[PDB]
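Reviewing the structure listed below.
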Amino acid sequence: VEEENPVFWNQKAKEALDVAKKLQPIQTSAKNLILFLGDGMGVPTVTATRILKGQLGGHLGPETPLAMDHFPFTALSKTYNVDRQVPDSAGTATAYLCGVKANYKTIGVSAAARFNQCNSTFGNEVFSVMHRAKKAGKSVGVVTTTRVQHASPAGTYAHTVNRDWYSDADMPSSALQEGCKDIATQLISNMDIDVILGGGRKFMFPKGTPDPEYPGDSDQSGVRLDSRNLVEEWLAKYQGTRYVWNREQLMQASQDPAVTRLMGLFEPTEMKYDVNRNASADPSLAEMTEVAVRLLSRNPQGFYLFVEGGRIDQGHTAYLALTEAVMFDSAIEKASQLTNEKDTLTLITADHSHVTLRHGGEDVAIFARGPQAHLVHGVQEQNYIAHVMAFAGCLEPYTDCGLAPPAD
Amino acid sequence: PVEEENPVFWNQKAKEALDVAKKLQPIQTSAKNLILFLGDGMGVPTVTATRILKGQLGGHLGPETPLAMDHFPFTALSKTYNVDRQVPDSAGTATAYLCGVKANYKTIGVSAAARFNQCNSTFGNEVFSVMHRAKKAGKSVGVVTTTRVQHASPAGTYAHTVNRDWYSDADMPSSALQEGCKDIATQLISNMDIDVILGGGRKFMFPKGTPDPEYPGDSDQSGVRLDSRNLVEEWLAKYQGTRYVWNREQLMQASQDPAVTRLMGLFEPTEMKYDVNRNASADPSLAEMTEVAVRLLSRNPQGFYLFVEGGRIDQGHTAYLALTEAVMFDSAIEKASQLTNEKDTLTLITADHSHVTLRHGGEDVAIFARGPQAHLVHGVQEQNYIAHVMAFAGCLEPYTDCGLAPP
Ligand SMILES: [Mg+2]
Ligand SMILES: [Mg+2]
Ligand SMILES: [Mg+2]
Ligand SMILES: [Mg+2]
């Protein structure tokens, strides 16, 4: 009935005009960089999530704002790969994580490399913003609901001509002989990663190693054929490392002063849909985000954090897809509470689009808040995301940013 | 493309985009001129497919080639829902982006207190468009469309009706006529002074049986009015300096005539032909109509308000008709960019609602903006925000006390 009065709509517009007038750009560099990636979360998925979140909280739906709807800056992102108008998660990851567009099914390599051709990797590797943040002395983290070896998180640390090479068991012998390394091996050896949280236990352990939560199921066991225990090798890199596999272990590790580096692998492969998770054994995406922020924020140089709501497209009955998107929105709100807008650049995007009474390759929305977030505007190529983040953090190739540091 | 295999190519392209974003400064004055370009059903997927087609037409691969709209500095997402429907129609949305209030499905220029097809619910529930308030402030006003001028989107600038289908008196029940309700065609000539009216819809303006000037042998194309009114002759008699045109040759001559100060061009009995099927000598393109409207409207020292609709984009959606209409719509935006200065002109590009390989409904749409106060177009907004940004930038009611410096 309030909606039948023109005064209600005029007041709602006057409120929106007041937020726009108060909006000022933050002209400093960013100390912290956060990228939230919604897998297959294009414009239609964002709309359906807003409706569902609204309805869950006792509202009609479309009028209720999500945590992302409060981000001041918006842009459209062109997602095409160099060789395909309709892209995949691997090719897009190279663009938003490394700053160069690439070929379909390849990770952290330029479009000079060729899918499934192992020799084409060498001399064609491209380095992520996360890699450059580590080089500048920042702490780095990767948080995902998929396996940590999946295309999107793998974009922060790996270089591969084939996204399906999760472990040595997935690779042809010709590729191994040519010097190619599986994604699980690259996770522990390419660079120092301070925080790794998600799924993918089975790719880290020798063939037959029983899973700690599913010891009676052979399908959940270790798969490696090189007798390597990648978790034990990552733990031995430095003092202060900790490996966790359940929520109870995760919670204690987050408050432990001796823990400076953390690896949490919560399932043999993908983490369960939030709707089906065991609340005592399995941490939510919001819980993993809070733990990563608490651990990464101790570094006075700052941090780079990648957060993926990775099962949104995988679920897309729609109910699974939308409840993952709602949990993804609550992980954004959680990070907004633990960080200050004056020193933290937060970006929200999708890698690619998903393919009544009150078919792929489409552009996706980019949302931004914090220092240099006003550079996120108009219609941009997807690789622009990595460059705005490098520029705001004064990371290579933008050490010459010319930006004033933030306060504190 | 071999250049695309080099990381240097992508790094240089992003360094260039960074320089443009850093140089981008807000224009802090009011706007003298206001232009709204509306793409019928031109959501995010349609914009992407149009970019590919326009690119390919000009000899490129497609997705890398910018559209005229891709050069707009400011972007926002628009929530399109009607008060009573999550999936909206063109009538309800028009009230939001043209009047600034969200309304009910199938109604035009009335608040959600009015009820569909209930004539008595109109009175006291009328809402006034930004176009109407621009005219009240002394600006010149224009409506350019590829649909009939009585269609839901253009009708949103001048009409108040509880039923979008009341194009002429022949469409209305006798009970609604007796209650004081007026058809859309009648409201076009009587509600307000409109300086420029270009599009289709000849048949709704003439008495029953009046042969169409272009299709005199087709009874389906003849006048339909039952009140014996010739609405074109009435509109022409309102002021001195008026001109009525029905083909391209007459439009071009009217455009070059200094004695023409007001213009009505009705190019088809109903909707204008798809640009791809038009007779280049008899039918003007959307870009041609836009140039004529801008040239005529820009003479007023107080400024102007112009509404431009690429109205057949969703109607065509084989896809080829839809996409070629969207390409012509992009060229009308480029044409207006050449004839106006961004220092005194606020231009907005949007859609009313969304449309329902080798190199549903109710979804949010993109809003693109350039000019004074265009930086207020940001984030995720309700669709009615478009009308308020435009009223604020132009210092029109209810923002006469805008507090903005003149351009
Ligand atoms: Mg993913
Ligand atoms: Mg578990
Ligand atoms: Mg329309
Ligand atoms: Mg004609």
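We number chain A the same way Swiss-Prot does; the residues here are 24-339, 343-381, 388-390, 452-501, in that order.
Yeah, the Cβs are placed from backbone N, Cα and C, and that goes for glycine too.
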Which of A:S175, A:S190, A:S197, A:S212 belongs with A:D62, A:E331 in the Mg(2+) site listed by Swiss-Prot: A:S175
Among A:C203, A:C487, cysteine joined to A:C494 by disulfide in Swiss-Prot: A:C487
According to Swiss-Prot, which candidate in A:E236, A:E255, A:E350, A:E359 joins A:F289, A:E290, A:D305 at the Ca(2+) site: A:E236
Recorded positions listed as A:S175, A:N301, least Cβ neighbours within 10 Å: A:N301
8 Å Cβ shell about A:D62, A:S175, A:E331 centroid, Mg(2+) site members excluded: A:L60, A:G61, A:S112, A:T167, A:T168, A:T169, A:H173, A:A174, A:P176, A:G332, A:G333, A:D377
Euclidean distance between Cα atoms of A:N301 (N-linked glycosylation site) and A:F289 (Ca(2+) binding site), Å: 11
DSSP-derived class (H/G/I helix, E/B strand, else coil) of A:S112 (active site, phosphoserine intermediate): helix
Where the model skips 6 residues between A:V381 and A:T388, distance between their Cα atoms in Å: 23
Three-state secondary structure, which DSSP defines for A:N142 (N-linked glycosylation site): helix
Minimum Cα separation from A:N301 (N-linked glycosylation site), reported as the residue among recorded positions A:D62, A:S112, A:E331 that achieves it: A:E331
Straight-line CA separation, A:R390 and A:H452, 61 intervening residues not modelled, Å: 27
Lowest local Cβ density among A:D62, A:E236, A:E290, which the record lists as binding-site residues, within 10 Å: A:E236
